[PDB]
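This document opens with one chain alone, in structure tokens, the form deposited in one PDB entry.
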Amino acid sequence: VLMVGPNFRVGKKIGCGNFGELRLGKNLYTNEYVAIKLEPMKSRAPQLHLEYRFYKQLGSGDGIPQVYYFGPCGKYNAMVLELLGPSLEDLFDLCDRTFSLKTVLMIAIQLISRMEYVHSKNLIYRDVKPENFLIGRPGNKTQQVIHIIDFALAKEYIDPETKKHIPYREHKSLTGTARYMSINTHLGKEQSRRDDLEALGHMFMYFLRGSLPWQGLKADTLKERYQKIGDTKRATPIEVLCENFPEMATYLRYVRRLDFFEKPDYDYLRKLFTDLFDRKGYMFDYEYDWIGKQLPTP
């Protein structure tokens, strides 16, 4: 009998995490399923209200989920947003944890554009991981579109007061997933646009290889674990990380060498991948590896 706002019925748990809970919802007024992200009001470290402001700042973008509502819901703050499909991580599992180059390239082309969009709205994303990239709903007009989701860790990298790029600094506690995060993120540096692009590169390599060569590093503290992973990242030449994928190596070398304040050349990066895509005789037809598989649905 729980409701969010005038018209959103809260249904079954379709997920949870440190963030709180994901529920299937229904807009009763429109007969449409929605996703309802719930954060306990009692939360130390609220991030749902921030995230809602980020989405409003992103506005309606290609591959940006629509957000319908922010408001209270029993002992939770609730954000009603577009019900999307499976994550790239869930899809990766469906596809035996390797994607074809065609798939990774279709993903990468889209995601460079997504990131560029986020960046054009003066946001850095700072939580690149396969779990935060969702296809649209099986059957929907956007099932083929890779969406970017979860802006809880985002930040305005252009200060709205000054309209200047945020300053460089270090001693930043680490933001994002260890596996994909930029080398500079490991070093406690302020993240900027480069770091989102580098994280994507890492994730692309994950998709292509099946794994990254710094997965499963154990340490006694989370700080030591992050440190070892970043050490391994620094110790692993792009040449061997991206062996057999010359354009990924080029992408990764480029993003890693970006200056803190530097506007990435997204056109260049897209073209590395679109020129590759074309040389391989791939057709951008959204025939991803997971097409014709039974996709999980709430």
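Shifts are known only where both forms have a C-alpha. Residues carry their position along the shown sequence, with the first being 1. Between two forms, the rigid core is defined as the largest C-alpha subset superposing within 1.5 Å.
The same protein has a further form, the form deposited in another entry, not shown here; the description that follows concerns it.
- The comparison between this form and the one not shown, aligned on the rigid core, picks out a single residue among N140, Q215, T98, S120 whose CA moves by 2 Å or more, and that residue is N140.
- After superposition on the rigid core, the Cα of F19 moves by 2 Å or more between this form and the one not shown.
- The pair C95 and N18 is at least 3 angstroms closer at the CA level in the other form than in the present model.
- Distance between the C-alpha atoms of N18 and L84: shorter in the other form than here (change of 3 Å or more).
- 15 to 20, 138 to 140 are the runs of at least 3 consecutive shared residues whose C-alphas each shift by 2 Å or more between this form and the one not shown once the core is superposed.
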